[PDB]
């Protein structure tokens, strides 16, 4: 067994043992996968976290906002995974929005320059990463991004929700391109998870009201979710992406998979 046996998945995200990426990576590895990692800013730190993973995995720098990193991605991955080999999976657990477009700050009040690098890192990054790595994929490969239902306005999230709405719209376009390589591109829309930086926001982080608005949003969930919703266990979201990086969901691409306890489907 090993759902993901002898597969090469490259994982994005992992910033702390709290990060979802981290949890996919573990579940992934127990499942027989073989990762290669991408780090962003504090590489030495990611490095140290990455060591508690059930298995060693090469880590590589990558600021999704720097061309030369992207220019050189593919080389690097091969160079590591070893030539004559290609990868079967790529996971985009990444996003970011500046103080302003999120939190307490009124909505109309975010600078388009701020709003922008959010879009640049949260949505557009999906395309860059795919155009860059699509050339090294075995057929029947999988590309996956982490989503958060932006289909109805919620409060406090503001422009991060707008950035996700774009994510949803970019994925459809990547599905089109990946199609030619016989590779799939999909989004897993998670329920709220207590990641670190989430934690910080439900604390005083972005504001008081902002915070109390999450708290509540966070509770609507478990209520609504017919099978409930644990905001502290990213394991169910990890096993889904794990289903998607696998060959058991072969006829589905442009798609979004609600890994949310059912919440999105119930009114109250």
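Residue numbers count along the first chain shown, from 1.
Annotation for 195-203 versus 48-56: the higher mean temperature factor (C-alpha) is found in 48-56.
Remark: stretch with higher mean C-alpha B factor among 17-25 and 256-264 is 17-25. Highest CA B-factor among the listed residues (125, 85, 185, 165): 85. Among 119, 93, 170, 104, the highest C-alpha B-factor recorded in the PDB entry belongs to 104. In the deposited entry, the Cα temperature factor of residue 43 sits in the top third of values across the chain's modelled residues.
For residue 112, the recorded CA B-factor ranks within the highest third of the chain. Only modelled residues enter the ranking. When the modelled residues of the chain are ordered by their C-alpha B factor, residue 97 lands in the middle third.
Annotation for residue 78: CA B-factor lies in the highest third of the chain's modelled residues. The PDB entry assigns residue 152 a C-alpha temperature factor belonging to the lowest third of its chain's modelled residues.
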